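Q: First the structure, which I've put down as structure tokens, then a few questions once you've had a look.
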Amino acid sequence: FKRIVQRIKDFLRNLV
Amino acid sequence: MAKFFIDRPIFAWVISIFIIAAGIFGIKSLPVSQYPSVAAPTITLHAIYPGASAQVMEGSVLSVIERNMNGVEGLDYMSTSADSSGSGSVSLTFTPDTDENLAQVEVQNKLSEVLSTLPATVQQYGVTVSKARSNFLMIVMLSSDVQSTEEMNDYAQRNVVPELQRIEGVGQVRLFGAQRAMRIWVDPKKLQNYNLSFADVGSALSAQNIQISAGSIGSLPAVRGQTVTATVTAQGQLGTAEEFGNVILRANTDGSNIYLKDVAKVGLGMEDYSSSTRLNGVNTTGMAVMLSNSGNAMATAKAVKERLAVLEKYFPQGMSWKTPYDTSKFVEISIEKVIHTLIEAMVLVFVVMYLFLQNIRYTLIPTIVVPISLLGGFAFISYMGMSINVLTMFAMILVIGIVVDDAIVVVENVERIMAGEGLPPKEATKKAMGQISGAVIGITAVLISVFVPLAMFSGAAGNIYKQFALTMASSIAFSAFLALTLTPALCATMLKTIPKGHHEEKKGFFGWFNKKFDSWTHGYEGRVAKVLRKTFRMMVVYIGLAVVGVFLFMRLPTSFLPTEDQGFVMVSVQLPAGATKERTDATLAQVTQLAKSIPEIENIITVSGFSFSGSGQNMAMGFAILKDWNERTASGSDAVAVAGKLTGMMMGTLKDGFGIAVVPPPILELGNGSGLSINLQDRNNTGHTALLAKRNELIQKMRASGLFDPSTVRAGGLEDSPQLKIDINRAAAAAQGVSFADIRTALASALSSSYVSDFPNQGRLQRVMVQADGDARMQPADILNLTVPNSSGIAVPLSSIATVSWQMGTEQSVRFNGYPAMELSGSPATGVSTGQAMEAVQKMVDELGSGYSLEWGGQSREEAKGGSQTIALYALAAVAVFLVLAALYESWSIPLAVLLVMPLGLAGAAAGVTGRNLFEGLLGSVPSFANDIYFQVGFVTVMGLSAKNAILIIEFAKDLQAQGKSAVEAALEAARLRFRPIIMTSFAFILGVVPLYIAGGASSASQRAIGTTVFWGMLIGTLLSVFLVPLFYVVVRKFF
Amino acid sequence: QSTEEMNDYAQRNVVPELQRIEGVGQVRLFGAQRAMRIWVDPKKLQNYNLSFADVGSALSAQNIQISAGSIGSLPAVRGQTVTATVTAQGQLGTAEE
Amino acid sequence: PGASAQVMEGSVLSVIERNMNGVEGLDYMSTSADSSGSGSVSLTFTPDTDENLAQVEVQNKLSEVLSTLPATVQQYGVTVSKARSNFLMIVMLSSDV
Amino acid sequence: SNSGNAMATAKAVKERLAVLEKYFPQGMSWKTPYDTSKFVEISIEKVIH
Amino acid sequence: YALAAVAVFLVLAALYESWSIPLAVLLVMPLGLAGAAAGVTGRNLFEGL
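Chains as they are written, first to last, in the entry's author numbering: chain A, 17 to 32; chain B, 1 to 1040; chain C, 147 to 243; chain D, 50 to 146; chain E, 292 to 340; chain F, 874 to 922.
Dropping the structure here:
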């Protein structure tokens, strides 16, 4: 589940 | 062609019926979503290596994977990211026109080559290759306030997730919660009491919980006479906590049988414990639904909601479902806006047509023709494989007006001929079409020529332009084809002859309006004659206007898209390094209450564990869902105002840590397109300290001694934090039996979790994890109390062979294109073009010694390429327009008189934008208009319309001179003849764009941008054109 | 610089850049990147009564990557305010080591 | 190996089948599991769907989902085939020696 | 590569090498004494003439 | 069958500039249907006997 979290925060990192 | 169909109305009707059928069929089979795909393909890796630091993760996993990725077809650039969370990722970006599926399969096949060279635990967990593209549709939340998050996550995974992904149009469902697991919490004190180790626990668990494969009786190579065969089955796996607690760790000779349940506590738990989510302050379980390519967003969202409503019946007491965000609402609103604008345009066209042509059957032709042209555009859009989304719907809205003109022109010309010569409608239609057919063909050719360039741009901006370009071009082409076939047939059939000898001696309103408009037309002709008599002065005035307009256009800000009120705000919370999850949760509760204090906020979703900066126990973020746009119309109830209020409250309330509220860019998949993003590479592998020092030097050079708006220049990582460093004496450890690998296993099971085996839990396999009791891993002094076995098998504490001290280490590491890198951000100071700032930073990076390079990221990679493509495309467009007009007029010099109207529209647009910016500044509102994509689209639209009007005027003027009139007389007569249709179309188009000028609500920023540009450009351009186009004709004839 | 150093520099800096170029199918270095080479003398092994497998096992057991973990990890007792990352080297990086 | 048809179906085949929804041009799916710890998932696509694109997409999804499947399946992997079930010919070899 | 172009690939390799030369250790240079695209370009030029 | 009839109607109307001549033509399709159905039924009966 760390991988799903990694995906969500990578997207968020990009926006701001 | 027009003459052919004037005598065959039923053939034209049949063709139009086929067009309507094709359009309906195309609409039936179009994907529906709020936005199309504009970003390039990207593949990510997402490996898990538990219990590791950024340096360990990077060097042991991410570099190893990265080194085997140079060679995949169509790779643009590549990056890595590692943090202290025990997980990392490798991101591969690809050149456009690369098949994402092929890229993903090739990346997976490359990973399969080096998978065996990774650490054993990495291979145990596996590496997930996926594509960054996400067609996000909804969030589904389950809230109980009674049962824990473990229960809700299990219930979701077992009941809700499988039901949602069986729905039509669903491409993927993702659960934002950890699965269940069997957790063993070992007390190291008891372990040392029995002289056991974590390795013993793991070995016993793996040996006593394993699948058995027995076989069958009487297998094929059987003895003679065998009559029965049977499958033999034995169960060798455990399924309950009581069963797991009875695992034998040491079978003593006396028969004591030290069990697993007297050194550890065994119970069902989760597998992460990292992230927590809440909705308005209560525990929740979130799910994300992603639409499939070729799926309909509205239908899928409705079906999902129906399914959830049905399933709600079986929820445990206290559990409820809610969907706080949905993207299908935006496209639904866009389609509703399209329909409303179409109805309003039809009504307005009817009103003006009846006011001018003084009959009701004249109003019937535009009503029939315009929807058919739109349907033909829809059919073309379906044929090309596009979809219905916000941009295509905006393109429809904007092309409605020009397709309306294409019919107003023909109807007005026919009505003029009929009222003038008194001919019957058939003869009048024949005459009018013989007059205007070639002009129509040339106009459609020019419109295609001007719109094709917008489909030739590169990148995400090109993808965005392609929507408008293709939709509008198809609609224009179909409108022209219909004006050449069906409009003349309708004119010749449905109209009735004007009573011969009638001078329109009307009564009441009609007579009065006729007289007043005739006076206006006469006054207009007098003013045009005055303008024509003195030509040098008017040419000087025109050059002045063109120069001023060009100057205004240049001095406009550059941007991509304007931020839009999408209905939510984001909050990012960051606490001092080393803070724990408890303090972060307290701060999140404070933020939740503050959001509650704001009426504009409907729901607040807070997630603990990671932030905008990154992951960590001190990181957190929140999503604030705003009320409906209808409920938020007064000043200060927009997304920016809500974000400002929340930020102001947070800066005064929160004690430990800080929070910031912002609104995201209009397109989430496409990152922020503002600022200057810098990657500072280390070519020589000097070290982290050297690269950090160089980054600090570059930041100083940019801020103190540069032109970058010093405020925004800052690093985009996460500063170093104190860490605990264990130093082991080789000699001391060798003196005892410690082997440095028993140390590895002991630490990996003590200070971090260990994944040992797998068990069945009511039908699905779930992990077994050994993590050690929390009381033995809280303080630094606990590290040296851990024990590791010797060769003889005795336990020896780490204190004897090791020491621990506080040090400074990296919290996060990133590589770019195979070198250690740092990330930086920036923004131009003021009135500074991005190009010179980029040259400046390149020079500064050069000032640093060799071994340190530079690389642009994100939008800066595209912005590095010059703007020569746009200039070249518009130059080619102008050349093509010139050639087409020369073919139309059979001249080389006449086309010039039509090109001189381009500055008029440009000046109108630029002046309108500048004036509205200044007015909003006076009102106190910050500027919101720039030279963005929507400005370019609107400029192209108004420029095409002005070109159409000029072409018609010049065509009429040229023919009159050929008959015998002088140039000046011909120009006067052409202006007098074209006055009425131009007034009609300008009125209709301007008032039809007015609603986009005062737009407010969903996607209203782009609406307002287009409205401003189009409205002001059209008004000013038409006002100047109706006076200057005859001047252009006269001058061009005199000169040549 | 000798051919060994240049070969290593090529493998680490030039080859990836070249094989990231469009139209390239494969890059072959007429050489190899560096490695830690142990050159064993069997006579000395006889003198000390050792074996090749002994050398291999000792190298494997004393040069590995250690993942320590963290302090105050996510499931924590009440009142925990300090979190940290633990680190241990466990790996050799020079010929003398 | 060692799993009943029910366990094989609920732990491996069902997981893959559920994640196979949303693949372009899919008509229907079926699974078959057996007492001997072997199983299979069959995906049928509409005609006018080319086998190669469907192959690539199905395999991408399978790789995406394999991250959780059981350990022994991951050891043996999952095989892929796309050939006609019906026979074209039967070739016979006979000998008396 | 299968479906690769010799001339374009050689030009890209040479440009990339020229760019990378800026980071070399001191005393290190680069050459391409063997190159099959030179014959192609010269022959094409001669036929054009 | 519906699309076949509609296509015939539209093509005839475009060919002859009328809405009634194609209507007269379409009246013959029931005769063909009756013939075909009667033939199939009759051959079935004859073979059964």
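Quick reminder that beta carbons are idealized off the backbone N, C-alpha and C, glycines included.
1. Is it true that the stretch 79 to 93 of chain B meets the stretch 28 to 46 of chain B, where meeting means three or more beta-carbon pairs spaced less than 8 Å apart?
2. Do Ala214/C and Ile726/B have their beta-carbon atoms positioned less than 8 Å apart in this structure?
3. What separation, rounded to the nearest whole angstrom, lies between the Cα atoms of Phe136/B and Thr277/B?
4. How about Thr745/B and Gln226/C: are their beta carbons less than 8 Å apart?
5. If you follow the beta strand (DSSP E) that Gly438/B is part of, which residue opens it and which one closes it?
6. Under 8 Å, with one C-beta from each stretch per pair, do the stretch 164 to 175 of chain B and the stretch 302 to 309 of chain B reach the 3-pair mark?
7. Where does the unbroken beta strand (DSSP E) through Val814/B begin, and where does it stop?
8. Report yes or no: do the stretch 399 to 419 of chain B and the stretch 337 to 356 of chain B share at least 3 C-beta pairs separated by less than 8 Å?
9. Sort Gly459/B, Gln766/B and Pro119/B by Cα distance to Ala748/B and report the nearest one.
10. Tell me the rounded alpha-carbon separation between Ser597/B and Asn672/B.
11. Taking three-plus beta-carbon pairs below 8 Å as touching, is the stretch 960 to 972 of chain B in contact with the stretch 467 to 487 of chain B?
12. Assign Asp758/B to one of three DSSP states: helix, strand, or coil.
13. Output needed for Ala577/B: all residues of its chain with C-beta closer than 7 Å, excluding positions within five of it in sequence on either side, in chain order.
14. Just to confirm, are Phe956/B and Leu977/B a CB contact at a threshold of 8 Å?
15. I need the straight-line Cα distance from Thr327/B to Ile139/B, nearest angstrom please.
16. Smallest Cα separation from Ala460/B: which of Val370/B, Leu561/B, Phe517/B and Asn413/B?
17. Would you decide whether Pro557/B is buried or exposed? Buried here means 16 or more other CB atoms lie within 10 Å of its CB.
18. For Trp856/B, which residues does DSSP report across the bridge?
19. Pick out whichever of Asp709/B, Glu504/B and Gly377/B has its Cα sitting closest to the Cα of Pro828/B.
20. Which residue's Cα is closest to the Cα of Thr284/B: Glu602/B, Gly177/B and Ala455/B?
21. Does the distance from the C-beta atom of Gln836/B to that of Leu854/B stay below 8 Å?
22. Any beta-carbon of chain D closer than 8 Å to the one on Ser213/B?
23. List the DSSP bridge partners of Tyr77/B.
24. Got a sec, what are the start and stop residues for the beta strand (DSSP E) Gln807/B sits in?
25. Can you pull the chain E residues whose beta carbon is under 7 Å from the beta carbon of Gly177/C, in chain order?
26. Using a Cβ-Cβ cut-off of less than 7 Å, give me the residues of the stretch 354 to 369 of chain B that come near chain A, in sequence order.
27. Quick one: list the residues of chain B neighbouring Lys313/E, beta-carbon separation under 7 Å, in chain order.
28. Helix or strand or just coil, what does DSSP make of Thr285/B?
29. Got a sec: is the Cβ-Cβ distance from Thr128/B to anything in chain D below 8 Å?
30. At a cut of 8 Å, does the stretch 228 to 236 of chain C reach the stretch 78 to 86 of chain D through at least three beta carbon pairs?
31. Going by alpha carbons, who is nearest to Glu564/B out of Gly793/B, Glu336/B, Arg1008/B and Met57/B?
32. What three-state label does DSSP hand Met778/B in the structure shown?
33. Which of the three DSSP states is assigned to residue 1051/B in this structure?
34. Since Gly831/B and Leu447/B are thought to touch, with beta carbons under 8 Å apart, how far apart are those beta carbons, to the nearest angstrom?
35. Quick check on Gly716/B: does DSSP put it in helix, strand or coil?
36. Candidates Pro96/B, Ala489/B, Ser29/B and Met651/B: which alpha carbon is nearest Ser294/B's?
A: A quick look at the data gives this:
1. yes
2. Sequence index remark: in the second sequence, residue 726/B carries index 726 (1-based). Sequence index remark: in the third sequence, residue 214/C carries index 68 (1-based). In this structure, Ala214/C lies closer than 8 Å to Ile726/B by Cβ.
3. One-based indexing of the second sequence puts residue 136/B at position 136. One-based indexing of the second sequence puts residue 277/B at position 277. The straight-line gap from Cα to Cα measures roughly 19 Å.
4. Stepping through the second sequence from its first residue, residue 745/B is reached at position 745. Stepping through the third sequence from its first residue, residue 226/C is reached at position 80. It is not a contact, given that the beta carbons lie outside the stated cut-off.
5. Looking up residue 438/B in the second sequence gives position 438. Looking at the DSSP string, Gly438/B is not in any beta strand (DSSP E); the run it does join, the alpha helix (DSSP H), is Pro425 to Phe451.
6. yes
7. As a working mapping, residue 814/B is identified with position 814 in the second sequence. Element bounds for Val814/B: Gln812 to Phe816.
8. yes
9. Position 748 of the second sequence, counted from the first residue, corresponds to residue 748/B. The candidate whose alpha carbon is nearest that of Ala748/B is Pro119/B.
10. Here residue 597/B is taken as the residue at index 597 of the second sequence, counted from 1. Here residue 672/B is taken as the residue at index 672 of the second sequence, counted from 1. Approximately 30 Å, taken between the alpha carbons.
11. no
12. Position 758 of the second sequence, counting from 1, holds the residue named residue 758/B. Three-state DSSP puts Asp758/B in a strand.
13. Here residue 577/B corresponds to residue number 577 of the second sequence, with the count starting at 1. Correct list, in chain order: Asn618 and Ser721.
14. Here residue 956/B refers to the residue found at position 956 when the second sequence is read from its first residue. Here residue 977/B refers to the residue found at position 977 when the second sequence is read from its first residue. In contact: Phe956/B and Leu977/B (Cβ atoms closer than 8 Å).
15. In the second sequence, the residue the question calls residue 327/B occupies position 327. In the second sequence, the residue the question calls residue 139/B occupies position 139. When rounded, the distance between both Cα atoms is 10 Å.
16. Counting from 1 along the second sequence, the entry for residue 460/B is found at position 460. Taking only the C-alpha atoms, the option nearest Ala460/B is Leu561/B.
17. Residue mapping note: residue 557/B aligns to position 557 of the second sequence, counting from 1. By the 10 Å Cβ count, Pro557/B comes out exposed.
18. Residue numbering aside, residue 856/B sits at position 856 when the second sequence is read from its first letter. Per DSSP, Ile678/B.
19. Here the question's residue 828/B lines up with position 828 in the second sequence. Closest option to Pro828/B, Cα to Cα, is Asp709/B.
20. As a working mapping, residue 284/B is identified with position 284 in the second sequence. For the residues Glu602/B, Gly177/B and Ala455/B, the minimum Cα distance to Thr284/B belongs to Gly177/B.
21. For the purposes of this step, residue 836/B is identified with residue 836 of the second sequence, where counting begins at 1. For the purposes of this step, residue 854/B is identified with residue 854 of the second sequence, where counting begins at 1. Cβ atoms of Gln836/B and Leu854/B: not closer than 8 Å.
22. For the purposes of this step, residue 213/B is identified with residue 213 of the second sequence, where counting begins at 1. Yes, contact with chain D.
23. Along the second sequence, one-based indexing puts residue 77/B at 77. DSSP, once it has assigned bridges, lists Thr93/B as partnering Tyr77/B.
24. In the second sequence, counting from the first residue as 1, residue 807/B sits at position 807. First-last of the beta strand (DSSP E) with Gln807/B: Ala802 to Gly809.
25. One-based indexing of the third sequence puts residue 177/C at position 31. Per Cβ cutoff of 7 Å: no residues; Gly177/C is ~15 Å from chain E at best.
26. none
27. Residue mapping note: residue 313/E aligns to position 22 of the fifth sequence, counting from 1. Simply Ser850.
28. Mapped onto the second sequence, residue 285/B falls at position 285. Strand, per DSSP.
29. Taking the second sequence and counting its residues from 1, one reaches residue 128/B at position 128. Yes, its Cβ sits closer than 8 Å to a Cβ of chain D.
30. no
31. The residue labelled residue 564/B in the question sits at position 564 within the second sequence. Answer by Cα proximity: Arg1008/B.
32. Taking the first residue of the second sequence as 1, we reach residue 778/B at position 778. Coil.
33. Residue 1051/B lies beyond the residue range present for chain B, which begins at 1 and ends at 1040; the question has no answer from this structure.
34. Mapped onto the second sequence, residue 831/B falls at position 831. Mapped onto the second sequence, residue 447/B falls at position 447. So it is not a contact: roughly 36 Å between Cβ atoms.
35. Counting from one through the second sequence, the residue named residue 716/B turns up at place 716. Looking at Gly716/B - three-state DSSP - the assignment turns out to be coil, as it is neither helix nor strand.
36. Position 294 of the second sequence, counted from the start, is the residue given in the question as residue 294/B. The residue with the shortest Cα to Cα distance from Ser294/B is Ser29/B.
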